[PDB]
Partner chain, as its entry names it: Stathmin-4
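Next up is one chain by itself, shown in structure tokens, the form solved without its partner chain.
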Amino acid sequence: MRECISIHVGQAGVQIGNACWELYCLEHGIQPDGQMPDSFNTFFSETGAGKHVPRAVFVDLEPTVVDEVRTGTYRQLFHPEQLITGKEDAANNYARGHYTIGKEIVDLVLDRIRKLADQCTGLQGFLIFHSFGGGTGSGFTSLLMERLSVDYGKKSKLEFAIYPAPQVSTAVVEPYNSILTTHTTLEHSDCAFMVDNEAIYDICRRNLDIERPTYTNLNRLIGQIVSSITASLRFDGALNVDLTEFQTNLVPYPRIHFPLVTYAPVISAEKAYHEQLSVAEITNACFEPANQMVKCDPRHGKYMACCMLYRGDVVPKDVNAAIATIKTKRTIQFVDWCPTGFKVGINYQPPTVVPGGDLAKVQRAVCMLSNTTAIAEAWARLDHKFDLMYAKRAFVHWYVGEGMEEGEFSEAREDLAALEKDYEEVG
């Protein structure tokens, strides 16, 4: 039996993890105290009294976010030793969270992770949650990955990174941190699932009819998506049964491990009067650009692989009919060096939503993970913002004066340049 350990880094990582683990508790039936009146052990551990303890490590350099959990509704679900915290944060600076401030707490975090890992028997790998635009979620995440690759070299290290957006941005140096962490994590990670904040913001404004979405709504939708992704690893499915299967199915080459994720349908709570959507409608909505999580134009790019994961009242023959209908569209172009064919895994467990949330319960849902070249369009948007700034050396001193060499700004950028070429040669 194989199990997985979650690592949550920074404010964004911890806040996404709160919603995620809350939703896992509702899905499996675990009470907030850990009492549950199978494969769910992939994310939980059993004690003598029967209390289910998540394999979740919450890491932050500022106590404000973690102390929201140490006294929140789920304050009794996590052991206090799993919720690691420091007094000094990175202050939206990759160098602070990487070389000086994160170096103070990396040994403690690694010791805690080793403690959780020793309690496991067949460990697969780690699912690291973080953000690109933050000092902690970009510096300490990359430092932790570099540390884990020496110890847990054989364990897969997936990512759930939050792509910055101007509408909710907290710092102006977000592209700096996005490029810098991407350079130092591109080798150690093996399948990174990126989510763009502006896509979630647009979906919340359009579908959920929220005039000014807050982190609560975005976190709830992202928790829904992450649960839909990991339901294959939690409910003993027939596809993506392990972490290595994710690399096998979605990452043909080591440097292109950036799948694109789509989730359908997104329905406001007040719109429950609607008739339930058929398999064909949600399958078609998978390919629309109104339901994407990283806004781009996949119709231009070339698909490498595509895994579709259904949930709810879903019939296999209807899925096959939807596949046959979809495979006859000229906008779906596959790379000739990869076999042209979808992968479909169907889960019969109904989707679960948080009561009192803005997402109405649906009879069926679909999550589509496709490796496509068009996602590089989201990379260029970063690099431009990088090139507009490093050209004048703006905010560079904030990084060099805190223990990092200036020559790493260019190298990192150069790496992503090759990354961009990696998508131009393949496509």
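Positions refer to the first chain, counted from 1.
The next section is about a form of this same protein that is not shown, the form solved in complex with its partner chain.
Novice: Within 4.5 Å, heavy atoms only, one stretch in 218-226, 72-80, 98-106, 290-298 touches its partner chain in the deposited complex. Which?
Specialist: Of the options, only 98-106 has residues within 4.5 Å of the partner.
Novice: Please run the contact check for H188 against its partner chain in the deposited complex: heavy atoms, 4.5 angstroms, yes or no?
Specialist: It does: once its partner chain is placed as it appears in the deposited complex, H188 has a heavy atom within 4.5 Å of it.
Novice: Under a 4.5 Å heavy atom criterion, is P339 part of the interface with its partner chain in the deposited complex?
Specialist: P339: contacts its partner chain in the deposited complex.
Novice: I'd like to know if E405 sits close to its partner chain in the deposited complex, meaning any non-hydrogen atom pair within 4.5 angstroms.
Specialist: Yes, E405 is a contact residue.
Novice: Does its partner chain get within 4.5 angstroms of any non-hydrogen atom of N347 in the deposited complex?
Specialist: Yes.
Novice: Counting any non-hydrogen atom inside 4.5 Å, which residue from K329, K115, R147, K271 sits next to its partner chain in the deposited complex?
Specialist: Comparing distances to its partner chain in the deposited complex, the residue within 4.5 Å is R147.
Novice: Looking at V354, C120, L239, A280, which is the one with a non-hydrogen atom within 4.5 Å of its partner chain in the deposited complex?
Specialist: Only one listed residue qualifies here, and that residue is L239.
Novice: Using a 4.5 Å cut-off on any heavy atom, which residues of 290-318 would contact its partner chain in the deposited complex?
Specialist: Residue within 4.5 Å: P316 only.
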